[PDB]
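Quick notes on the structure that follows.
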Amino acid sequence: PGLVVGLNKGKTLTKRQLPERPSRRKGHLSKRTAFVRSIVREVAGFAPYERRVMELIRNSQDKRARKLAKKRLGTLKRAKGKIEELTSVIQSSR
Amino acid sequence: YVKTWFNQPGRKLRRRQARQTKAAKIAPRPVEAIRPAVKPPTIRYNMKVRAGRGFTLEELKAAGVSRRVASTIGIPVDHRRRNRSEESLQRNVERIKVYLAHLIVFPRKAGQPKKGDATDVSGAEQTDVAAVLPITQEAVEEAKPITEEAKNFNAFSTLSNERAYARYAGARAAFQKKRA
Amino acid sequence: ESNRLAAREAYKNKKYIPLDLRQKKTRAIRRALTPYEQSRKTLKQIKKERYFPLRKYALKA
Amino acid sequence: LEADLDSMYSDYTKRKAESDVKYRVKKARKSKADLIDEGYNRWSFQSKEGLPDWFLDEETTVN
Amino acid sequence: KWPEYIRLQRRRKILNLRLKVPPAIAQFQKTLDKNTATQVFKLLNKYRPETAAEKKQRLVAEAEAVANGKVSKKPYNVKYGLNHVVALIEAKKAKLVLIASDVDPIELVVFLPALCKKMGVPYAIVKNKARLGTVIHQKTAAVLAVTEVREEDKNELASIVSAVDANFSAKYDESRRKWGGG
Amino acid sequence: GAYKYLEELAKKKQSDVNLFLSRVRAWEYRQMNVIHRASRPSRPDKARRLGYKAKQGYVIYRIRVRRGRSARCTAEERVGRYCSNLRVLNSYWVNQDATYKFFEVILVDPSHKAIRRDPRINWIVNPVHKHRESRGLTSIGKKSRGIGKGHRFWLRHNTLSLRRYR
RNA sequence: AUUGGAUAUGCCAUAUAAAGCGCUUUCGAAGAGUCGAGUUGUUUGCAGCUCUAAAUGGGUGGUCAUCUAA
RNA sequence: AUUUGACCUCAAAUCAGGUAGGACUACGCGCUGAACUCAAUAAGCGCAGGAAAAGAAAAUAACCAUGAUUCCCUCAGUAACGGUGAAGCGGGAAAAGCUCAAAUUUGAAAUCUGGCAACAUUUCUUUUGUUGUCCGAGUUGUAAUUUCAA
């Protein structure tokens with residue numbers, strides 16, 4: 001509204017669409033690096049605590065599985081990031 | 001530990017000689033580069049205009065000069081700054097345009113003005129940028145006639161409403177999401 | 001002197017000469033980088049200085 | 001060769017028993033199932049079954 | 001008592017044959033058989049890369065030809081270099097892959113058997129990096145790849161690929177999932 | 001390029017293959033000396049991305065230091081003192097055990113002509129880079145002294161500036 | 001007697017090349033015992049140790065904004 | 001049998017050519033560190049230069065947005081902590097940007113140190129190079145192209 005106070009506070013000008021900055025991209029999953037990550041995955045295996053999570057999930061005790069995963073990593077977002085990845089591996093193995 | 005300033009006139013003289021030596025060394029070109037017009041990033045100083053570090057890639061491309069040759073002819077380039085409004089865009093664009101219009105480029109190898117150069121270059125003279133490109137301030141509004149709908153418009157009554165809307169924005173934000 | 005000029009003639013145009021015949025400015029200058037290898041540049045920088053060198057310009061007042 | 005290494009290490013221990021003693025290095029629900037869970041780490045897979053003594057000695061004293 | 005360097009030389013060998021080896025490493029000490037290996041190197045002897053002297057002779061010959069009065073045939077040679085071979089596997093341009101069995105850092109070759117199997121590329125593990133080095137006129141070659149040959153050599157190239165299949169894939173095909181060593 | 005595979009494998013340090021290799025290698029370095037030459041780096045991908053080229057002038061030394069200050073910084077300082085004609089380029093962790101952490105340090109010979117004629121490494125020959133590992137100008141050195149960019153990262157206070165006119 | 005940089009002038013070079021700019025019918029690789037968490041120590045920052053990551057992910061500031069570490 | 005040749009590892013040489021030490025320390029960067037906030041001080045230890053360090057955002061901000069580092073005035077004795085004590089913004093001094101790893105040159109290692117022989121050039125018979133030839137390094141990756149601004 002061209003106003004100093006409000007949810008759209010500030011001046012009103014003609015807004016310009018900024019060109020895409022390449023450093024914003026990092027974190028993207030290229031097909032080639034995804035393929036290489038697949039190869040190392042099938043050639044290296046999984047860490048010992050991953051194997052315990054497989055056993056925990058195959059036993060269907062998900063609460064303890066996420067609790068110990070958070071204890072191993074340190075953050076809930078990392079624990080969730082693990083869980084979806086190893087369950088995703090689970091149906092692939094099945 | 002004390003820091004005394006008995007070398008203040010000495011420092012001032014040394015800086016002036018360094019400027020003088022710089023001018024003598026690179027006399028054909030101005031001793032200060034072109035700088036873009038840039039607005040300070042705060043509510044206390046957003047009403048002013050000062051000299052930024054350098055132009056952006058979008059401004060350089062819109063003006064028609066490439067980012068590679070821009071450094072060579074003396075146009076500093078900032079790769080971090082971005083233009084979020086056309087008002088700043090054509091503002092810096094017209095700064096470059098007037099710079100280029102007043103700019104003369106000596107041909108290299110002194111054989112012919114290959115594409116972008118100057119045919120006659122005997123009129124060389126060292127002049128500061130500020131004279132040709134005097135950075136200005138925000139345009140001060142001149143007198144305008146009385147607006148009738150603005151006259152009916154109260155003023156801070158609105159600022160009270162959008163304020164109350166802002167403070168209790170989460171209050172109704174909850175209200176809709178919980179009832180929906 | 002006659003011996004040293006004779007030795008310099010003997011070792012003229014050789015890669016290695018006696019440390020007495022070699023120069024002695026300072027140990028730091030001897031260990032420093034020579035101007036040739038300070039001026040060495042990658043082909044990338046050679047192309048950059050070939051195509052976009054510091055131009056010669058001026059402003060009309 | 002393997003017998004030679006075993007004999008050499010056995011001789012090494014025999015001499016070290018007297019000559020190189022000098023060790024003395026100071027000169028001024030959560031349950032057993034969870035215990036198994038953290039019981040698997042980088043050292044739990046370092047299986048030592050059937051390892052020779054000339055390797056087990058340093059593995060125990062260092063690792 | 002033997003010097004410490006040769007003691008460690010023998011001790012590293014005994015431990016490598018003593019410890020429990022994961023299958024990704026256990027697949028390496030099982031290699032190609034003798035006669036197949038000789039036929040492999042007999043084929044590669046034909047397609048060894050040209051030496052520096054031969055390259056220089058060719059370069060000066062074409063240079064003087066262009067200068068005086070004036071484009072050559074398609075080169076045929078074995079492809080070496082770890083990155084170049086890996087690129088060929090990625091592009092599926094390679095027809096046969098040979099990996100030295102005794103690379104010092106084993107991670108440089110541990111991923112290859114999985115990668116060739118993923119691309120369906122015939123791969124084999126041959127004895128000693130030195131032999132591959134003499135093939136490509138080098139001291140050390142960690143991997144060799146055959147991607148193209150002449151028409152008359154295509155027939156026996158298919159035959160040796162079948163032979164290595166029989167002696168490396170039809171035979172074994174279990175050490176990559178068997179806990180080796182121990 | 002295989003270095004992508006080498007890098008991705010180095011990520012998973014708890015893998016069975018990595019665990020077996022680390023134990024065997026760490027055992028091997030044990031009866032090796034505390035500081036010993038390594039003719040070829042054990043992690044070529046790490047060495048290349050840290051600045052090591054396979055040309056005459058680059059030197060790789062392996063050092064073991066006991067655990068229990070920064071071990072990486074201490075490793076660089078000891079190797080730099082042990083090879084006094086070399087400039088410490090960088091260093092990287094290779095292995096660890098219960099008590100010994102193993103590091104590989106990349107060094108450059110400033111006196112070698114293959115280094116003095118290379119414009120991409122010529123900066124290290126200048127005398128301002130003598131004993132960077134001791135002055136705290138390496139990667140781990142900078143991180144240990146807290147050099148960074150941001151609000152997170154003395155003499156301006158202990159002085160009382162007295163101007164001419166006041 | 002040296003030089004530092006330019007101007008005029010002469011001779012070699014070899015461009016069958018290299019580079020900038022507008023489009024994509026395209027893909028866009030980006031740093032690991034590192035980040036991070038718990039604990040002890042030093043004046044958020046750093047270090048020791050247990051444990052140990054991810055790839056529109058990670059860091060920072062109050063879903064958004066800004067950066068792209070090792 | 002065993003002889004011959006490779007590669008790997010490790011040695012030895014008064015081998016060929018180089019390099020490190022020690023001194024100064026006012027300023028600079030680290031480690032360490034008391035006592036009567038003292039003080040991240042003094043002492044002790046390591047390491048450089050003509051400056052050193054820092055430096056081209058894993059930065060501020062919440063703006064119409066700023067845009068590498070360093071220094072000065074101001075912010076300000078404010079925020080913050082329990083006497084200690086900033087920083088953003090703003091005005092100036094000075095300004096300059098970049099380089100790698102991560103992708104095949106695969107129709108060609110195109111790369112580089114050293115030995116030998118000439119040609120040179122010099123603050124200089126004392127300096128620095130060029131070409132040719134040989135050996136070596138190097139495919140466990142040297143060259144060219146790419147560094148996210150892309």
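Following the order of the structure tokens, first chain is A, next is B, and so on, with residues numbered from 1 inside each chain and ligands from 1 in the order they appear.
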
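Residues of segment 11-179 of chain B assigned to strand (DSSP E or B) by DSSP on this structure's backbone: residues 37, 38, 50, 51, 55, 77, 85, 103, 104, 105 and 106 of chain B.
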
| query | Near residue 148 of chain H, within 12 Å and counting only C-alpha atoms (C1' of nucleotides), which residues show up once chain neighbours fewer than 6 positions away are dropped, as a list in words? | reply |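 Residues meeting the cut-off are residues 20, 21, 22, 23, 24, 25 and 26 of chain A; 79 of chain B; 28, 29, 30 and 68 of chain G.
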
Cut-off 9 Å: closest chain C/chain B atom pairs per residue, using only C-alpha atoms, as a Markdown table:
```
| residue | atom | partner | partner_atom | distance |
| --- | --- | --- | --- | --- |
| C:51 | CA | B:69 | CA | 8.9 |
| C:52 | CA | B:69 | CA | 6.0 |
| C:53 | CA | B:72 | CA | 6.2 |
| C:54 | CA | B:72 | CA | 4.8 |
| C:55 | CA | B:72 | CA | 5.2 |
| C:56 | CA | B:106 | CA | 5.2 |
| C:57 | CA | B:105 | CA | 4.2 |
| C:58 | CA | B:29 | CA | 4.6 |
| C:59 | CA | B:103 | CA | 5.0 |
| C:60 | CA | B:102 | CA | 5.6 |
| C:61 | CA | B:127 | CA | 6.0 |
```

| For residue 14 of chain C, the nearest of the candidates H:125, H:145, H:68, H:73, counting only C-alpha atoms (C1' of nucleotides) | H:125

Could you give me, as a tab-separated table, a per-residue list for chain D showing, wherever an atom lies at most 12 Å from an atom of chain E, the closest pair of atoms and their distance in Å to one decimal, using only C-alpha atoms and sorting by chain then residue number from low to high?
```
residue	atom	partner	partner_atom	distance
D:1	CA	E:10	CA	8.3
D:2	CA	E:14	CA	7.6
D:3	CA	E:14	CA	11.3
D:4	CA	E:1	CA	10.0
D:5	CA	E:11	CA	8.2
D:6	CA	E:11	CA	10.8
D:7	CA	E:1	CA	10.8
D:8	CA	E:1	CA	7.5
D:9	CA	E:1	CA	10.2
D:11	CA	E:1	CA	10.3
D:12	CA	E:1	CA	9.9
D:45	CA	E:20	CA	10.2
D:46	CA	E:20	CA	9.1
D:47	CA	E:20	CA	7.6
D:48	CA	E:19	CA	8.2
D:49	CA	E:182	CA	8.4
D:50	CA	E:182	CA	7.8
D:51	CA	E:18	CA	7.1
D:52	CA	E:18	CA	8.4
D:53	CA	E:15	CA	11.5
D:54	CA	E:11	CA	9.3
D:55	CA	E:15	CA	8.4
D:56	CA	E:15	CA	11.1
```

| field | Test item: residues at most 7 Å from segment 29-37 of chain D, only C-alpha atoms (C1' of nucleotides), excluding those fewer than 2 positions along its chain, as a list in words | value |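 The neighbour list is residues 52 of chain A; 39 and 40 of chain D.
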
Please write the residues from the selection above to a file, keeping N, CA and C atoms, as a PDB file, in the first residue's frame.
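Written out: out_27.pdb:
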```pdb
ATOM      1  N   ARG A  52      21.687 -51.617  12.673  1.00  0.00           N
ATOM      2  CA  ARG A  52      20.796 -51.714  13.820  1.00  0.00           C
ATOM      3  C   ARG A  52      19.431 -51.122  13.493  1.00  0.00           C
TER       4      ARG A  52
ATOM      5  N   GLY D  39      26.412 -51.202  21.255  1.00  0.00           N
ATOM      6  CA  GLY D  39      27.501 -52.152  21.256  1.00  0.00           C
ATOM      7  C   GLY D  39      28.113 -52.422  19.905  1.00  0.00           C
ATOM      8  N   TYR D  40      27.551 -51.850  18.841  1.00  0.00           N
ATOM      9  CA  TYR D  40      28.067 -52.002  17.485  1.00  0.00           C
ATOM     10  C   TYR D  40      28.626 -50.658  17.032  1.00  0.00           C
TER      11      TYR D  40
END
```

DSSP says helix (DSSP H, G or I) for which residues of segment 45-122 of chain F? Put them as a compact mmCIF listing (two decimals) with C-alpha atoms, in the first residue's frame?
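Once written, selection38.txt looks like this:
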```txt
# COMPACT_ATOMS: atom_id res chain seq x y z
CA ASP F 45 41.51 -37.36 -4.37
CA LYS F 46 42.05 -35.53 -1.08
CA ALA F 47 45.60 -34.56 -2.04
CA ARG F 48 44.53 -33.15 -5.42
CA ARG F 49 41.69 -31.11 -3.94
CA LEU F 50 44.08 -29.87 -1.25
CA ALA F 71 46.37 -32.75 16.34
CA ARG F 72 46.31 -31.59 12.71
CA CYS F 73 48.11 -28.36 13.64
CA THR F 74 50.66 -30.25 15.76
CA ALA F 75 51.28 -32.68 12.89
CA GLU F 76 51.97 -29.80 10.50
CA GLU F 77 54.36 -28.11 12.93
CA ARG F 78 56.36 -31.29 13.58
CA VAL F 79 56.66 -32.18 9.89
CA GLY F 80 57.64 -28.61 9.05
CA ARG F 81 60.39 -28.68 11.66
CA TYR F 82 61.54 -32.12 10.47
CA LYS F 113 62.72 -25.34 -10.71
CA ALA F 114 59.50 -27.21 -11.52
CA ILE F 115 57.96 -25.25 -8.63
CA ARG F 116 59.71 -21.94 -9.35
CA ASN F 122 54.94 -19.65 -7.33
```

| query | Which neighbours of segment 133-150 of chain F fall inside 8 Å, counting only C-alpha atoms (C1' of nucleotides), when residues of the same chain fewer than 5 positions from it are skipped, and could you give them as a PyMOL selection string? | reply | (chain F and resi 70+72-73+76-77+80+88-90) or (chain G and resi 45-46) or (chain H and resi 29-30+46-47+57+59)

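Residue list for chain B within 10 Å of chain G: residues 25, 61, 64, 65, 66, 67, 68 and 69 of chain B, counting only C-alpha atoms (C1' of nucleotides).
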
Please, could you write that set of residues out with C-alpha atoms as a compact mmCIF listing (two decimals), in the first residue's frame?
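The file below, again_12.txt, is the result:
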```
# COMPACT_ATOMS: atom_id res chain seq x y z
CA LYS B 25 51.52 7.91 -13.20
CA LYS B 61 24.44 -5.74 -19.93
CA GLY B 64 25.54 -2.69 -23.67
CA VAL B 65 29.10 -2.99 -22.33
CA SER B 66 30.40 -6.44 -21.44
CA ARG B 67 31.63 -7.32 -17.95
CA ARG B 68 35.03 -8.26 -19.41
CA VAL B 69 35.85 -4.95 -21.10
```

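The space separating atom CA of residue 9 of chain F from atom CA of residue 145 of chain E comes to 23.0 Å.
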
| task | Hey, list the chain G side of the contact with chain C: 12 Å cut-off, only C-alpha atoms (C1' of nucleotides), answer as a PyMOL selection string. | result | chain G and resi 6+18-20

| request: Can you work out which one of E:163, E:112, E:65, E:126 has the shortest atom-to-atom distance to chain F, counting only C-alpha atoms? | output: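 So, comparing all the options, the nearest one is E:112.
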
| task | Pull out every residue of chain A sitting within 7 Å of chain E, counting only C-alpha atoms, and send them as a VMD selection string. | result | chain A and resid 39 to 40 43

Atoms kept (C-alpha atoms) for selection, written as a PDB file, in the first residue's frame:
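Output file again-v5.pdb is given in full below:
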```pdb
ATOM      1  CA  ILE A  39      27.571 -47.154  -7.006  1.00  0.00           C
ATOM      2  CA  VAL A  40      29.460 -46.347  -3.807  1.00  0.00           C
ATOM      3  CA  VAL A  43      29.943 -51.257  -3.098  1.00  0.00           C
TER       4      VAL A  43
END
```

Could you tell me which residues of chain F sit within 6 Å of chain B when counting only C-alpha atoms, and give me the result as a PDB file with N, CA, C and O atoms, in the first residue's frame?
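Below you can see iface-v9.pdb, which holds the result:
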```
ATOM      1  N   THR F 159      44.385   1.346  24.242  1.00  0.00           N
ATOM      2  CA  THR F 159      45.001   2.615  23.887  1.00  0.00           C
ATOM      3  C   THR F 159      43.971   3.730  23.994  1.00  0.00           C
ATOM      4  O   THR F 159      42.785   3.525  23.718  1.00  0.00           O
ATOM      5  N   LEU F 160      44.428   4.903  24.421  1.00  0.00           N
ATOM      6  CA  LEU F 160      43.584   6.087  24.549  1.00  0.00           C
ATOM      7  C   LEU F 160      44.142   7.128  23.582  1.00  0.00           C
ATOM      8  O   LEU F 160      45.166   7.760  23.857  1.00  0.00           O
ATOM      9  N   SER F 161      43.480   7.282  22.440  1.00  0.00           N
ATOM     10  CA  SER F 161      43.994   8.135  21.375  1.00  0.00           C
ATOM     11  C   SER F 161      43.811   9.602  21.740  1.00  0.00           C
ATOM     12  O   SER F 161      42.685  10.063  21.949  1.00  0.00           O
ATOM     13  N   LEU F 162      44.919  10.335  21.810  1.00  0.00           N
ATOM     14  CA  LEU F 162      44.914  11.756  22.133  1.00  0.00           C
ATOM     15  C   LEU F 162      45.266  12.533  20.870  1.00  0.00           C
ATOM     16  O   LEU F 162      46.424  12.535  20.438  1.00  0.00           O
ATOM     17  N   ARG F 163      44.269  13.192  20.287  1.00  0.00           N
ATOM     18  CA  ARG F 163      44.454  13.948  19.061  1.00  0.00           C
ATOM     19  C   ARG F 163      45.176  15.264  19.343  1.00  0.00           C
ATOM     20  O   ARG F 163      45.342  15.682  20.491  1.00  0.00           O
ATOM     21  N   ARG F 164      45.620  15.915  18.265  1.00  0.00           N
ATOM     22  CA  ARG F 164      46.291  17.204  18.392  1.00  0.00           C
ATOM     23  C   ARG F 164      45.366  18.240  19.016  1.00  0.00           C
ATOM     24  O   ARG F 164      45.637  18.764  20.103  1.00  0.00           O
TER      25      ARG F 164
END
```

| query | What residues in chain G lie within 12 Å of chain D, counting only C-alpha atoms (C1' of nucleotides), written as JSON, numbers by chain? | reply | {"G": [33, 50, 51, 52]}

Export of the given selection (N, CA and C atoms (P, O5', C5', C4', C3', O3' and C1' of nucleotides)) as a PDB file, in the first residue's frame:
```pdb
ATOM      1  P     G G  33      38.545 -35.877   6.266  1.00  0.00           P
ATOM      2  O5'   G G  33      38.699 -35.938   7.851  1.00  0.00           O
ATOM      3  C5'   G G  33      38.092 -36.988   8.597  1.00  0.00           C
ATOM      4  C4'   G G  33      37.297 -36.464   9.767  1.00  0.00           C
ATOM      5  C3'   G G  33      38.074 -36.311  11.072  1.00  0.00           C
ATOM      6  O3'   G G  33      37.535 -35.217  11.810  1.00  0.00           O
ATOM      7  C1'   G G  33      36.304 -37.835  11.388  1.00  0.00           C
ATOM      8  P     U G  50      37.074 -40.897  21.394  1.00  0.00           P
ATOM      9  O5'   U G  50      35.548 -41.021  21.829  1.00  0.00           O
ATOM     10  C5'   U G  50      35.171 -41.887  22.890  1.00  0.00           C
ATOM     11  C4'   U G  50      33.676 -41.927  23.066  1.00  0.00           C
ATOM     12  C3'   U G  50      32.869 -42.094  21.787  1.00  0.00           C
ATOM     13  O3'   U G  50      32.770 -43.443  21.368  1.00  0.00           O
ATOM     14  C1'   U G  50      31.975 -40.312  23.050  1.00  0.00           C
ATOM     15  P     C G  51      33.038 -43.832  19.833  1.00  0.00           P
ATOM     16  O5'   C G  51      31.761 -43.265  19.067  1.00  0.00           O
ATOM     17  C5'   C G  51      30.451 -43.657  19.448  1.00  0.00           C
ATOM     18  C4'   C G  51      29.413 -42.698  18.923  1.00  0.00           C
ATOM     19  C3'   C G  51      29.466 -42.426  17.427  1.00  0.00           C
ATOM     20  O3'   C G  51      28.808 -43.423  16.666  1.00  0.00           O
ATOM     21  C1'   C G  51      29.323 -40.377  18.592  1.00  0.00           C
ATOM     22  P     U G  52      29.399 -43.878  15.244  1.00  0.00           P
ATOM     23  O5'   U G  52      29.096 -42.640  14.289  1.00  0.00           O
ATOM     24  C5'   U G  52      27.761 -42.205  14.074  1.00  0.00           C
ATOM     25  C4'   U G  52      27.711 -40.821  13.479  1.00  0.00           C
ATOM     26  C3'   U G  52      28.400 -40.644  12.134  1.00  0.00           C
ATOM     27  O3'   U G  52      27.597 -41.070  11.046  1.00  0.00           O
ATOM     28  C1'   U G  52      29.043 -38.895  13.585  1.00  0.00           C
TER      29        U G  52
END
```

| field | All residues 9 Å or closer to segment 51-58 of chain E, only C-alpha atoms (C1' of nucleotides), same chain fewer than 3 positions away omitted, as a list in words | value |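 Those residues are residues 48, 61, 62, 63, 136 and 137 of chain E; 108 of chain H.
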
For the residues selected in the previous step, produce a file with C-alpha atoms (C1' of nucleotides) as a PDB file, in the first residue's frame.
```
ATOM      1  CA  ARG E  48      49.837 -51.156 -27.623  1.00  0.00           C
ATOM      2  CA  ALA E  61      56.430 -36.843 -41.314  1.00  0.00           C
ATOM      3  CA  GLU E  62      53.000 -35.208 -41.490  1.00  0.00           C
ATOM      4  CA  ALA E  63      54.519 -31.783 -40.769  1.00  0.00           C
ATOM      5  CA  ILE E 136      51.316 -49.073 -22.475  1.00  0.00           C
ATOM      6  CA  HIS E 137      55.055 -48.238 -22.185  1.00  0.00           C
TER       7      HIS E 137
ATOM      8  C1'   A H 108      47.444 -39.458 -30.263  1.00  0.00           C
TER       9        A H 108
END
```

Dump as a Markdown table the rows for residues of chain A within 6 Å of chain B: closest atom pair and distance in Å with one decimal, only C-alpha atoms counted, ordered by chain and rising residue number.
```
| residue | atom | partner | partner_atom | distance |
| --- | --- | --- | --- | --- |
| A:6 | CA | B:162 | CA | 4.9 |
| A:7 | CA | B:166 | CA | 5.9 |
| A:14 | CA | B:85 | CA | 5.7 |
| A:15 | CA | B:85 | CA | 4.9 |
| A:16 | CA | B:85 | CA | 5.1 |
```

| request: Might you pull out every residue within 10 Å of segment 15-18 of chain C, with only C-alpha atoms (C1' of nucleotides) counted and same-chain residues fewer than 6 positions away left off, and present them as a PyMOL selection string? | output: (chain C and resi 7-8) or (chain H and resi 17+126)

| Any idea what the distance is between atom CA of residue 78 of chain E and atom CA of residue 92 of chain E? | 15.2 Å
